[PDB]
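Chemist: Below: one structure in structure tokens.
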Amino acid sequence: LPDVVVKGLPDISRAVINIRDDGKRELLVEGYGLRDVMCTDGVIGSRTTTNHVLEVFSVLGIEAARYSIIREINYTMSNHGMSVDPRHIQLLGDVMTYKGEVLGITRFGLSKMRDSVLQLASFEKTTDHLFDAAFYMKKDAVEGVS
Amino acid sequence: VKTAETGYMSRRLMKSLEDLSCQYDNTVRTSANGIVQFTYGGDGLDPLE
Amino acid sequence: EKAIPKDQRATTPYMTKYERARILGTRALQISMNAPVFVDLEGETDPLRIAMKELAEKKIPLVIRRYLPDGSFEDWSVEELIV
Amino acid sequence: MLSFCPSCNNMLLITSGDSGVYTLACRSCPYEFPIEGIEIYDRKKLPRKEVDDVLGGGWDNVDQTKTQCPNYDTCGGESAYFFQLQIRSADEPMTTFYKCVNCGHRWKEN
Amino acid sequence: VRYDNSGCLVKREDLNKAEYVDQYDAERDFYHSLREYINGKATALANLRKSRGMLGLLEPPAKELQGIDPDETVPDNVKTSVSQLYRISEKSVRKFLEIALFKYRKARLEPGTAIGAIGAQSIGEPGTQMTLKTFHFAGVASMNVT
Amino acid sequence: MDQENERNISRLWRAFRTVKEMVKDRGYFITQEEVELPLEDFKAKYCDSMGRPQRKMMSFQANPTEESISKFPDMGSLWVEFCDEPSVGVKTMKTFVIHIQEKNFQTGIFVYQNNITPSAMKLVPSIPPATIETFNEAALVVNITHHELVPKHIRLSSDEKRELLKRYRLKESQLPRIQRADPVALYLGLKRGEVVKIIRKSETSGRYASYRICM
Ligand SMILES: [Mg+2]
Ligand SMILES: [Zn+2]
Ligand SMILES: [Zn+2]
């Protein structure tokens, strides 16, 4: 009994009121629900972003997903003094989101549209990819640098 | 720990952008001739320059 | 499979670094295969340096075939490609 | 609840008998504490969990130093928060990370 | 030219309507910024000239005596003073514009560039210099975001 | 209690405003006199005496405007309908499709309260002449189009799509894609093969346009 939720979204571990070195007391929450926080009363939904790219993608769109990707990566390397031209980050976001969904750089993500069984096997999971390609009678052309 | 952990990250990033090259019509395309960017960085400008 | 006519061309009129490197490599390979050179050597034996000299004099008899992604191509001679 | 029999000291439980009596029978031992208009209540306190004030910032307690940030043209910052780490082999010297007090721009001078 | 989305000319009232944004927009902003910089230099000279009493010719003149030089009434003193402080010759302006246009043209990305590989290494090389353990300034006491 | 009712009227008012904006920018005869509805005025027009919101007399007629009909010749009227029961049943969407077909509606907006039956997806795509778009009252409280992280998606007619595919000399497979059921694609009613112009802004490269094609 003394563990149940009566008030608030049951997605937020905790909320914490912050100050941006001014008289503005913004609050950032340690949760996994962005639409609920966006629609909560007294919160401006126009300016309300989460650092979770996949949460941005499912709520706002693939374009907002690539914006979130670019801002997150840039900020991440801006807190370590890594001066990278933003065009590289823009290209990373564009290659991550140009399929209409946020595709990772993980092995599962690489199987996006490449169809290059040689490149996939060189990357990782050689035998299963090769055998699936041989079973499916895949006809991959030789176009990639790998 | 960072050595190997970061080593794969760089290789993985390359594997994804291995065949992305600026074309002669000023578009960034995959090896499948599919468009990723209609103009590099929305500018067409080389960061090296 | 259709060459763009010379009167109009959308590609850049400037030579890229890759175009220059590949032109120098091709010309140097030709010279190393005993092709005649159209520059005054002044005692130079290296085919690569002979090719650089011809490029400086713009006397390399090669053209660059730039394929557009749609399959067409426009031809740019080494002379007309400005550096 | 957390109560035990006086005979066998085993944990007492509530069982429903005839007429639905909520007697505190002890399993494993013939012990029967019936309820005759008597209230068995177990109260345990719970924390109040008071409010928590603004997180703000405690940058006053962070080691500063006299270094001008790379973005000196935009912000004239002569000071920068620092911390030193040896993120090289033990033959290279230590690495110092900076953060301008005027703009917050971070950089590592090594 | 900024053709429409269907290939027509814009009406000069919908020039910046934001549905006709296309390529060449970065070039247009570059040209406008060049004009703004030259305008700043010219306005500085004009403010100096009008601070010397003589006419600050920010705008071209238009009158019957427009042909004559409006610096004749100046007694040869503040004229040489102004030429001492700011003296922008036409050759200087043309040289600056030549340099700026040449640099903008040279800054364009060259076709055939392995831009994807360059971006991958530009995002990955700074990634080998940062710790996987998040190291913070001692005393911030902020949330432990990775 | 009174708090639940007050929150509910405010929330459904926000949802109604978002729906009105969504049908406005999709291109239809809607203006600010019905978009910027004072919550009190909306309450004094769609909330009755004892104060319960009723969601049957806000279903309105949306008609194409002159510019929209000129650009897109095939665009009929829109029906936006709000559900009442928490769980949508077979009968309600059946009579909704009945209304669509008996009044010859090109498209229809369904905005339910809480949840939709798993059997609805087997009954909803059965409409040859029309299309059904399925929305939640809680999912459109704030329209994502007004978010700062969402660039201006601009839907292009078939003429503009053909011109774009020829200016770059492209097939449709070469364009970047945008998903069906993507939050912005659902907002604009993008159908498969509908190229949308995206006006994105960058800090270091200014305002520029990209394009995406709907699957
Ligand atoms: Mg060493
Ligand atoms: Zn006992
Ligand atoms: Zn600074």
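Following the order of the structure tokens, chains are lettered A, B, ..., residues in each are numbered from 1, and ligands are numbered from 1.
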With only C-alpha atoms considered, list every residue of chain C at most 7 Å from chain B, as a ChimeraX atom specification.

Modeler: /C:11,68-69

Chemist: Name the residues, by chain letter and number, that sit within 9 Å of ligand 3 using only C-alpha atoms and all ligand atoms, and give them as a ChimeraX atom specification.

Modeler: /D:68-80,99-106

Chemist: Enumerate residues in contact with ligand 1: an atom-to-atom distance of at most 8 Å, counting only C-alpha atoms and all ligand atoms. Format the result as a ChimeraX atom specification.

Modeler: /D:89-92

Chemist: DSSP says strand (DSSP E or B) for which residues of chain C? Put them as number ranges by chain?

Modeler: C: 3, 14, 63-67, 73-77, 82

Chemist: Could you pull out the residues sitting within 10 Å of ligand 2, using only C-alpha atoms and all ligand atoms, and write them as a PDB file with C-alpha atoms, in the first residue's frame?

Modeler:
ATOM      1  CA  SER D   3       2.864 -11.490  16.769  1.00  0.00           C
ATOM      2  CA  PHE D   4       3.759 -14.901  18.162  1.00  0.00           C
ATOM      3  CA  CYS D   5       2.198 -17.564  20.354  1.00  0.00           C
ATOM      4  CA  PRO D   6       3.198 -17.864  24.033  1.00  0.00           C
ATOM      5  CA  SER D   7       3.385 -21.673  23.837  1.00  0.00           C
ATOM      6  CA  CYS D   8       5.428 -22.420  20.705  1.00  0.00           C
ATOM      7  CA  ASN D   9       6.510 -18.825  19.909  1.00  0.00           C
ATOM      8  CA  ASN D  10       5.708 -19.364  16.224  1.00  0.00           C
ATOM      9  CA  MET D  11       4.265 -16.457  14.254  1.00  0.00           C
ATOM     10  CA  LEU D  12       0.553 -15.886  14.862  1.00  0.00           C
ATOM     11  CA  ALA D  25      -4.726 -19.047  15.889  1.00  0.00           C
ATOM     12  CA  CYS D  26      -1.146 -20.270  16.154  1.00  0.00           C
ATOM     13  CA  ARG D  27      -0.266 -22.866  13.558  1.00  0.00           C
ATOM     14  CA  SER D  28       1.662 -25.918  14.848  1.00  0.00           C
ATOM     15  CA  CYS D  29       0.245 -25.403  18.365  1.00  0.00           C
ATOM     16  CA  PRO D  30      -3.315 -25.589  19.833  1.00  0.00           C
ATOM     17  CA  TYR D  31      -3.436 -21.843  20.703  1.00  0.00           C
ATOM     18  CA  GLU D  32      -6.548 -19.725  19.979  1.00  0.00           C
TER      19      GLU D  32
END

Chemist: Determine, counting only C-alpha atoms, which protein, DNA and RNA residues have an atom within 12 Å of an atom of segment 23-34 of chain F; residues of the same chain fewer than 4 positions away are not included. Present the result as number ranges by chain.

Modeler: F: 13, 16-19, 38-39, 41-42, 45, 58, 60-72, 75-80, 107-109, 133, 143, 145-146, 152-156, 184-190

Chemist: Write a file of the just-selected residues containing N, CA and C atoms, as a tab-separated table (two decimals), in the first residue's frame.

Modeler:
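This went into out_15.tsv:
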chain	number	residue	atom	x	y	z
F	13	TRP	N	-10.47	21.84	-24.44
F	13	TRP	CA	-10.35	23.09	-25.18
F	13	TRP	C	-9.02	23.19	-25.91
F	16	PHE	N	-9.14	20.88	-28.87
F	16	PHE	CA	-9.95	21.45	-29.94
F	16	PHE	C	-9.20	22.53	-30.70
F	17	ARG	N	-8.47	23.39	-29.98
F	17	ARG	CA	-7.69	24.42	-30.64
F	17	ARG	C	-6.61	23.80	-31.53
F	18	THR	N	-5.95	22.76	-31.04
F	18	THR	CA	-4.93	22.09	-31.85
F	18	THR	C	-5.54	21.46	-33.09
F	19	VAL	N	-6.71	20.82	-32.96
F	19	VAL	CA	-7.36	20.23	-34.12
F	19	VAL	C	-7.74	21.31	-35.13
F	38	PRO	N	-11.73	31.89	-26.88
F	38	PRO	CA	-11.54	32.12	-25.45
F	38	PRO	C	-12.05	30.86	-24.74
F	39	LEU	N	-11.24	30.29	-23.84
F	39	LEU	CA	-11.64	29.04	-23.15
F	39	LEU	C	-13.03	29.26	-22.54
F	41	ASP	N	-15.34	31.34	-23.60
F	41	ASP	CA	-16.32	31.38	-24.72
F	41	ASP	C	-16.56	29.95	-25.22
F	42	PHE	N	-15.49	29.17	-25.39
F	42	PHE	CA	-15.64	27.75	-25.81
F	42	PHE	C	-16.48	27.02	-24.76
F	45	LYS	N	-20.06	27.75	-24.93
F	45	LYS	CA	-20.62	27.38	-26.26
F	45	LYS	C	-20.65	25.86	-26.41
F	58	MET	N	-19.40	19.77	-31.19
F	58	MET	CA	-18.22	20.43	-31.74
F	58	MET	C	-17.76	19.82	-33.05
F	60	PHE	N	-17.54	19.78	-36.62
F	60	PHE	CA	-17.76	20.90	-37.51
F	60	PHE	C	-17.42	20.53	-38.95
F	61	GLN	N	-17.90	21.37	-39.87
F	61	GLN	CA	-17.65	21.23	-41.30
F	61	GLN	C	-16.42	22.02	-41.68
F	62	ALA	N	-15.48	21.37	-42.36
F	62	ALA	CA	-14.27	22.01	-42.85
F	62	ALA	C	-14.24	21.91	-44.37
F	63	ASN	N	-14.18	23.06	-45.04
F	63	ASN	CA	-14.24	23.14	-46.48
F	63	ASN	C	-12.94	23.69	-47.05
F	64	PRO	N	-12.50	23.19	-48.21
F	64	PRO	CA	-11.25	23.69	-48.80
F	64	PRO	C	-11.36	25.16	-49.18
F	65	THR	N	-10.25	25.86	-49.04
F	65	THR	CA	-10.19	27.27	-49.39
F	65	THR	C	-9.71	27.45	-50.83
F	66	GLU	N	-9.77	28.69	-51.30
F	66	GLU	CA	-9.53	28.96	-52.72
F	66	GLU	C	-8.10	28.59	-53.13
F	67	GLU	N	-7.11	29.01	-52.34
F	67	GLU	CA	-5.73	28.65	-52.65
F	67	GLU	C	-5.52	27.15	-52.57
F	68	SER	N	-6.07	26.51	-51.54
F	68	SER	CA	-5.88	25.08	-51.36
F	68	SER	C	-6.56	24.29	-52.48
F	69	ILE	N	-7.78	24.68	-52.85
F	69	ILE	CA	-8.47	23.98	-53.93
F	69	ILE	C	-7.79	24.24	-55.27
F	70	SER	N	-7.18	25.42	-55.44
F	70	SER	CA	-6.47	25.70	-56.68
F	70	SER	C	-5.20	24.86	-56.79
F	71	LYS	N	-4.45	24.74	-55.70
F	71	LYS	CA	-3.23	23.93	-55.72
F	71	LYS	C	-3.56	22.45	-55.84
F	72	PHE	N	-4.54	21.98	-55.08
F	72	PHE	CA	-4.88	20.56	-54.99
F	72	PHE	C	-6.30	20.36	-55.49
F	75	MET	N	-9.72	17.70	-53.37
F	75	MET	CA	-9.81	17.81	-51.92
F	75	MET	C	-11.25	18.17	-51.57
F	76	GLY	N	-11.94	17.25	-50.89
F	76	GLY	CA	-13.30	17.49	-50.47
F	76	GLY	C	-13.38	18.10	-49.08
F	77	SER	N	-14.54	17.93	-48.46
F	77	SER	CA	-14.77	18.47	-47.13
F	77	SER	C	-14.20	17.53	-46.07
F	78	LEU	N	-14.01	18.09	-44.87
F	78	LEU	CA	-13.49	17.35	-43.73
F	78	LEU	C	-14.55	17.24	-42.64
F	79	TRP	N	-14.61	16.07	-42.01
F	79	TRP	CA	-15.44	15.86	-40.83
F	79	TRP	C	-14.51	15.59	-39.66
F	80	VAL	N	-14.63	16.38	-38.60
F	80	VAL	CA	-13.92	16.14	-37.35
F	80	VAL	C	-14.95	15.76	-36.30
F	107	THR	N	-12.56	12.80	-46.30
F	107	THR	CA	-11.75	12.34	-45.18
F	107	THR	C	-12.48	12.66	-43.88
F	108	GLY	N	-12.15	11.90	-42.83
F	108	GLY	CA	-12.80	12.07	-41.55
F	108	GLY	C	-11.86	11.92	-40.37
F	109	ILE	N	-11.95	12.84	-39.42
F	109	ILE	CA	-11.06	12.87	-38.26
F	109	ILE	C	-11.80	12.27	-37.07
F	133	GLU	N	-8.56	9.19	-40.49
F	133	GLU	CA	-7.41	9.51	-39.65
F	133	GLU	C	-7.83	9.42	-38.19
F	143	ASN	N	-0.06	20.93	-30.27
F	143	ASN	CA	0.33	20.55	-31.62
F	143	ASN	C	1.84	20.64	-31.77
F	145	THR	N	3.55	20.95	-34.39
F	145	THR	CA	3.95	21.90	-35.41
F	145	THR	C	4.46	23.21	-34.81
F	146	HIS	N	3.95	23.61	-33.65
F	146	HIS	CA	4.40	24.82	-32.98
F	146	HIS	C	5.63	24.61	-32.11
F	152	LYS	N	9.33	23.65	-40.31
F	152	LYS	CA	8.10	23.85	-41.07
F	152	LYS	C	8.03	22.83	-42.20
F	153	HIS	N	7.20	21.81	-42.03
F	153	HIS	CA	6.92	20.85	-43.09
F	153	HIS	C	5.90	21.45	-44.05
F	154	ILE	N	6.23	21.45	-45.34
F	154	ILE	CA	5.37	22.05	-46.36
F	154	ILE	C	5.03	20.97	-47.37
F	155	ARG	N	3.74	20.69	-47.52
F	155	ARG	CA	3.30	19.66	-48.44
F	155	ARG	C	3.25	20.21	-49.86
F	156	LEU	N	3.86	19.47	-50.78
F	156	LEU	CA	3.96	19.88	-52.17
F	156	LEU	C	2.96	19.09	-53.02
F	184	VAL	N	4.47	14.27	-37.56
F	184	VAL	CA	4.16	15.42	-38.42
F	184	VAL	C	3.42	14.97	-39.67
F	185	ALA	N	3.72	13.77	-40.18
F	185	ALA	CA	3.01	13.26	-41.35
F	185	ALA	C	1.53	13.03	-41.04
F	186	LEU	N	1.23	12.55	-39.83
F	186	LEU	CA	-0.17	12.39	-39.43
F	186	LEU	C	-0.86	13.73	-39.29
F	187	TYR	N	-0.14	14.74	-38.80
F	187	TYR	CA	-0.71	16.07	-38.62
F	187	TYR	C	-1.11	16.68	-39.96
F	188	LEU	N	-0.27	16.53	-40.98
F	188	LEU	CA	-0.53	17.12	-42.28
F	188	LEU	C	-1.31	16.20	-43.21
F	189	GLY	N	-1.60	14.98	-42.78
F	189	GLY	CA	-2.31	14.04	-43.63
F	189	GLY	C	-1.51	13.60	-44.84
F	190	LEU	N	-0.22	13.35	-44.67
F	190	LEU	CA	0.61	12.86	-45.76
F	190	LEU	C	0.20	11.45	-46.14

Chemist: Using backbone DSSP assignments, extract all helix (DSSP H, G or I) residues from segment 36-78 of chain E; output them as an MDAnalysis selection string.

Modeler: chainID E and resid 36:51 78

Chemist: Given the selection you just returned, output its residues as a file containing N, CA and C atoms, formatted as a PDB file, in the first residue's frame.

Modeler:
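See again_38.pdb below for the written result:
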ATOM      1  N   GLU E  36      26.477  44.265 -45.763  1.00  0.00           N
ATOM      2  CA  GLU E  36      26.346  44.826 -44.422  1.00  0.00           C
ATOM      3  C   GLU E  36      27.696  45.273 -43.869  1.00  0.00           C
ATOM      4  N   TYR E  37      28.750  44.495 -44.114  1.00  0.00           N
ATOM      5  CA  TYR E  37      30.083  44.870 -43.645  1.00  0.00           C
ATOM      6  C   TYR E  37      30.583  46.129 -44.347  1.00  0.00           C
ATOM      7  N   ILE E  38      30.439  46.177 -45.674  1.00  0.00           N
ATOM      8  CA  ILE E  38      30.836  47.374 -46.411  1.00  0.00           C
ATOM      9  C   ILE E  38      30.014  48.572 -45.952  1.00  0.00           C
ATOM     10  N   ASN E  39      28.728  48.352 -45.672  1.00  0.00           N
ATOM     11  CA  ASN E  39      27.872  49.407 -45.148  1.00  0.00           C
ATOM     12  C   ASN E  39      28.339  49.884 -43.786  1.00  0.00           C
ATOM     13  N   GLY E  40      28.809  48.972 -42.936  1.00  0.00           N
ATOM     14  CA  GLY E  40      29.352  49.383 -41.655  1.00  0.00           C
ATOM     15  C   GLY E  40      30.574  50.267 -41.804  1.00  0.00           C
ATOM     16  N   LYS E  41      31.490  49.887 -42.698  1.00  0.00           N
ATOM     17  CA  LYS E  41      32.668  50.725 -42.933  1.00  0.00           C
ATOM     18  C   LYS E  41      32.275  52.095 -43.483  1.00  0.00           C
ATOM     19  N   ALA E  42      31.371  52.116 -44.466  1.00  0.00           N
ATOM     20  CA  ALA E  42      30.930  53.377 -45.052  1.00  0.00           C
ATOM     21  C   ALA E  42      30.214  54.245 -44.026  1.00  0.00           C
ATOM     22  N   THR E  43      29.395  53.632 -43.171  1.00  0.00           N
ATOM     23  CA  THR E  43      28.685  54.376 -42.139  1.00  0.00           C
ATOM     24  C   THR E  43      29.645  54.928 -41.098  1.00  0.00           C
ATOM     25  N   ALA E  44      30.705  54.184 -40.777  1.00  0.00           N
ATOM     26  CA  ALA E  44      31.727  54.717 -39.883  1.00  0.00           C
ATOM     27  C   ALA E  44      32.374  55.959 -40.483  1.00  0.00           C
ATOM     28  N   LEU E  45      32.723  55.893 -41.771  1.00  0.00           N
ATOM     29  CA  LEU E  45      33.305  57.065 -42.424  1.00  0.00           C
ATOM     30  C   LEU E  45      32.321  58.232 -42.448  1.00  0.00           C
ATOM     31  N   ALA E  46      31.045  57.948 -42.720  1.00  0.00           N
ATOM     32  CA  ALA E  46      30.034  59.000 -42.771  1.00  0.00           C
ATOM     33  C   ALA E  46      29.832  59.647 -41.408  1.00  0.00           C
ATOM     34  N   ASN E  47      29.808  58.839 -40.347  1.00  0.00           N
ATOM     35  CA  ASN E  47      29.670  59.381 -39.002  1.00  0.00           C
ATOM     36  C   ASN E  47      30.869  60.239 -38.633  1.00  0.00           C
ATOM     37  N   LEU E  48      32.077  59.813 -39.019  1.00  0.00           N
ATOM     38  CA  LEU E  48      33.235  60.675 -38.808  1.00  0.00           C
ATOM     39  C   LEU E  48      33.070  61.999 -39.543  1.00  0.00           C
ATOM     40  N   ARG E  49      32.680  61.942 -40.818  1.00  0.00           N
ATOM     41  CA  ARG E  49      32.591  63.157 -41.623  1.00  0.00           C
ATOM     42  C   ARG E  49      31.553  64.120 -41.061  1.00  0.00           C
ATOM     43  N   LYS E  50      30.399  63.604 -40.636  1.00  0.00           N
ATOM     44  CA  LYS E  50      29.383  64.475 -40.061  1.00  0.00           C
ATOM     45  C   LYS E  50      29.751  64.928 -38.655  1.00  0.00           C
ATOM     46  N   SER E  51      30.639  64.201 -37.973  1.00  0.00           N
ATOM     47  CA  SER E  51      31.170  64.693 -36.707  1.00  0.00           C
ATOM     48  C   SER E  51      32.193  65.800 -36.914  1.00  0.00           C
ATOM     49  N   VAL E  78      39.813  69.935 -42.198  1.00  0.00           N
ATOM     50  CA  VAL E  78      39.136  68.713 -41.791  1.00  0.00           C
ATOM     51  C   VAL E  78      39.047  67.720 -42.942  1.00  0.00           C
TER      52      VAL E  78
END

Chemist: Pick out the residues sitting within 10 Å of residue 18 of chain C, and hand them over as a list in words; count only C-alpha atoms, and ignore anything fewer than 4 positions along from it in its own chain.

Modeler: residues 22, 23 and 24 of chain C; 110, 111, 112 and 113 of chain E

Chemist: Give the residues of chain D that lie within 8 Å of chain A; count only C-alpha atoms, and format the answer as a list in words.

Modeler: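 That gives residues 53, 54, 55, 56, 57, 105, 106, 107 and 108 of chain D for chain D.
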
Chemist: Those residues you just picked out, can you put them in a file as a compact mmCIF listing (two decimals), in the first residue's frame with N, CA, C and O atoms?

Modeler:
# COMPACT_ATOMS: atom_id res chain seq x y z
N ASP D 53 14.51 22.29 -2.08
CA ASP D 53 14.68 23.63 -2.62
C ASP D 53 15.36 23.57 -3.99
O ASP D 53 15.76 22.51 -4.48
N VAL D 54 15.48 24.74 -4.63
CA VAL D 54 16.01 24.80 -5.98
C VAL D 54 17.43 24.26 -6.02
O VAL D 54 18.22 24.45 -5.09
N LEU D 55 17.76 23.56 -7.11
CA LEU D 55 19.10 23.01 -7.25
C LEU D 55 20.13 24.12 -7.44
O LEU D 55 21.20 24.09 -6.82
N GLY D 56 19.81 25.11 -8.27
CA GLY D 56 20.67 26.27 -8.41
C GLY D 56 22.06 25.91 -8.89
O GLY D 56 22.25 25.22 -9.89
N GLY D 57 23.06 26.41 -8.16
CA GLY D 57 24.44 26.12 -8.48
C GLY D 57 25.39 26.50 -7.35
O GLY D 57 25.20 27.53 -6.69
N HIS D 105 32.57 28.06 -21.64
CA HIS D 105 33.19 27.29 -22.70
C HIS D 105 34.29 26.43 -22.12
O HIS D 105 35.19 26.93 -21.44
N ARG D 106 34.22 25.13 -22.38
CA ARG D 106 35.17 24.17 -21.84
C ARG D 106 36.27 23.89 -22.85
O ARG D 106 36.04 23.90 -24.06
N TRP D 107 37.48 23.66 -22.34
CA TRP D 107 38.60 23.28 -23.18
C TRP D 107 39.67 22.62 -22.32
O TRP D 107 39.70 22.82 -21.10
N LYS D 108 40.53 21.83 -22.96
CA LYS D 108 41.58 21.09 -22.26
C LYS D 108 42.94 21.52 -22.80
O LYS D 108 43.21 21.39 -23.99

Chemist: Once you count only C-alpha atoms, which residues of chain A turn out to be within 6 Å of chain F? Could you give them as a PyMOL selection string?

Modeler: chain A and resi 46+60-61+64+98-100

Chemist: Output C-alpha atoms for every residue in the selection just made, as a PDB file, in the first residue's frame.

Modeler:
ATOM      1  CA  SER A  46       6.498  24.799 -27.507  1.00  0.00           C
ATOM      2  CA  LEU A  60       7.583  15.130 -32.469  1.00  0.00           C
ATOM      3  CA  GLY A  61       8.828  13.522 -35.699  1.00  0.00           C
ATOM      4  CA  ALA A  64      12.790  16.777 -34.621  1.00  0.00           C
ATOM      5  CA  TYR A  98      17.201   9.978 -43.704  1.00  0.00           C
ATOM      6  CA  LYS A  99      15.248   6.686 -43.769  1.00  0.00           C
ATOM      7  CA  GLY A 100      12.316   8.273 -41.918  1.00  0.00           C
TER       8      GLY A 100
END

Chemist: For a quick test of understanding: name the residues of chain E lying within 12 Å of chain A when counting only C-alpha atoms, and present them as a short mmCIF file (atom, residue, chain, number, x, y, z; two decimals) with N, CA, C and O atoms, in the first residue's frame.

Modeler:
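As a result, out-v7.cif now contains:
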data_model
loop_
_atom_site.label_atom_id
_atom_site.label_comp_id
_atom_site.auth_asym_id
_atom_site.auth_seq_id
_atom_site.Cartn_x
_atom_site.Cartn_y
_atom_site.Cartn_z
N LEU E 109 32.44 22.70 -50.88
CA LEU E 109 32.86 21.31 -50.82
C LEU E 109 33.10 20.77 -52.22
O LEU E 109 32.30 20.98 -53.13
N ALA E 114 35.39 12.34 -49.72
CA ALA E 114 34.92 11.32 -48.79
C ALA E 114 34.39 12.01 -47.53
O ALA E 114 34.93 11.89 -46.43
N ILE E 115 33.32 12.78 -47.73
CA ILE E 115 32.80 13.62 -46.65
C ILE E 115 32.23 12.78 -45.52
O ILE E 115 32.35 13.14 -44.35
N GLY E 116 31.63 11.63 -45.84
CA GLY E 116 31.14 10.76 -44.78
C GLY E 116 32.27 10.22 -43.92
O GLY E 116 32.19 10.22 -42.69
N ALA E 117 33.35 9.76 -44.56
CA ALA E 117 34.50 9.27 -43.81
C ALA E 117 35.15 10.38 -43.00
O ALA E 117 35.57 10.16 -41.85
N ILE E 118 35.25 11.58 -43.58
CA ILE E 118 35.83 12.71 -42.87
C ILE E 118 35.00 13.05 -41.65
O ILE E 118 35.54 13.30 -40.57
N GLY E 119 33.67 13.05 -41.79
CA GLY E 119 32.82 13.30 -40.64
C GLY E 119 32.93 12.21 -39.58
O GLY E 119 32.94 12.49 -38.38
N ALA E 120 33.02 10.95 -40.02
CA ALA E 120 33.17 9.85 -39.07
C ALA E 120 34.44 10.02 -38.25
O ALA E 120 34.42 9.87 -37.02
N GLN E 121 35.55 10.36 -38.90
CA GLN E 121 36.79 10.55 -38.16
C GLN E 121 36.78 11.83 -37.34
O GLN E 121 37.41 11.90 -36.28
N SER E 122 36.06 12.85 -37.81
CA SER E 122 35.98 14.11 -37.08
C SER E 122 35.09 13.99 -35.85
O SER E 122 35.19 14.84 -34.95
N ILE E 123 34.23 12.99 -35.80
CA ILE E 123 33.39 12.77 -34.63
C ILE E 123 34.03 11.71 -33.74
O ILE E 123 33.83 11.70 -32.52
N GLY E 124 34.83 10.82 -34.33
CA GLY E 124 35.44 9.74 -33.58
C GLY E 124 36.78 10.05 -32.94
O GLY E 124 37.06 9.56 -31.85
N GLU E 125 37.61 10.83 -33.62
CA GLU E 125 38.90 11.20 -33.03
C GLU E 125 38.75 11.99 -31.73
O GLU E 125 39.46 11.66 -30.77
N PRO E 126 37.87 13.00 -31.63
CA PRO E 126 37.63 13.60 -30.31
C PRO E 126 36.99 12.64 -29.32
O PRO E 126 37.06 12.88 -28.11
N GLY E 127 36.36 11.57 -29.80
CA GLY E 127 35.76 10.59 -28.92
C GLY E 127 36.73 9.66 -28.23
O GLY E 127 36.33 8.97 -27.29
N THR E 128 37.98 9.61 -28.68
CA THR E 128 38.99 8.80 -28.02
C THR E 128 39.75 9.55 -26.93
O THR E 128 40.55 8.94 -26.22
N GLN E 129 39.51 10.85 -26.79
CA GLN E 129 40.22 11.67 -25.81
C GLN E 129 39.39 11.96 -24.56
O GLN E 129 39.94 12.48 -23.59
N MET E 130 38.10 11.64 -24.57
CA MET E 130 37.23 11.90 -23.43
C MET E 130 37.01 10.62 -22.63
O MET E 130 36.89 9.53 -23.19
N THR E 131 36.96 10.77 -21.31
CA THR E 131 36.80 9.63 -20.42
C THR E 131 35.39 9.07 -20.50
O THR E 131 34.42 9.80 -20.70
N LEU E 132 35.27 7.75 -20.34
CA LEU E 132 33.95 7.13 -20.24
C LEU E 132 33.34 7.38 -18.87
O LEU E 132 32.11 7.44 -18.73
N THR E 134 32.34 9.98 -16.17
CA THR E 134 32.00 11.39 -16.21
C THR E 134 32.72 12.09 -15.06
O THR E 134 32.45 11.82 -13.89
N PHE E 135 33.65 12.98 -15.40
CA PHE E 135 34.43 13.72 -14.42
C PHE E 135 33.91 15.14 -14.33
O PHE E 135 33.82 15.85 -15.34
N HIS E 136 33.57 15.56 -13.11
CA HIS E 136 32.90 16.83 -12.88
C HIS E 136 33.78 17.73 -12.01
O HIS E 136 34.68 17.27 -11.31
N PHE E 137 33.49 19.03 -12.08
CA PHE E 137 34.15 19.98 -11.19
C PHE E 137 33.69 19.75 -9.76
O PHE E 137 32.50 19.61 -9.49
N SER E 142 25.57 18.93 -9.12
CA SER E 142 24.46 18.85 -10.05
C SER E 142 24.16 17.38 -10.35
O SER E 142 24.86 16.47 -9.91
N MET E 143 23.09 17.15 -11.11
CA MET E 143 22.66 15.78 -11.39
C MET E 143 23.69 15.05 -12.24
O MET E 143 24.37 15.66 -13.08
N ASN E 144 23.80 13.74 -12.02
CA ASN E 144 24.85 12.93 -12.64
C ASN E 144 24.37 12.39 -13.99
O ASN E 144 24.14 11.20 -14.19
N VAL E 145 24.24 13.31 -14.94
CA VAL E 145 23.93 12.95 -16.32
C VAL E 145 25.20 12.48 -17.01
O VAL E 145 26.24 13.14 -16.95
N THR E 146 25.13 11.31 -17.65
CA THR E 146 26.28 10.79 -18.38
C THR E 146 26.55 11.66 -19.60
O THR E 146 25.63 12.06 -20.32
#

Chemist: Just give me the gap between atom CA of residue 70 of chain A and atom CA of residue 49 of chain A in Å, one decimal is fine.

Modeler: 13.1 Å

Chemist: At a cut-off of 6 Å, which residues of chain D touch chain E? Count only C-alpha atoms and give the answer as a ChimeraX atom specification.

Modeler: /D:58-59,61-62

Chemist: How close does each residue of chain B get to chain D, giving the shortest atom pair and distance in Å to one decimal for every residue with an atom at most 12 Å away, counting only C-alpha atoms, sorted by chain and residue number, as a tab-separated table?

Modeler:
residue	atom	partner	partner_atom	distance
B:1	CA	D:87	CA	11.3
B:2	CA	D:87	CA	9.8
B:3	CA	D:87	CA	10.9
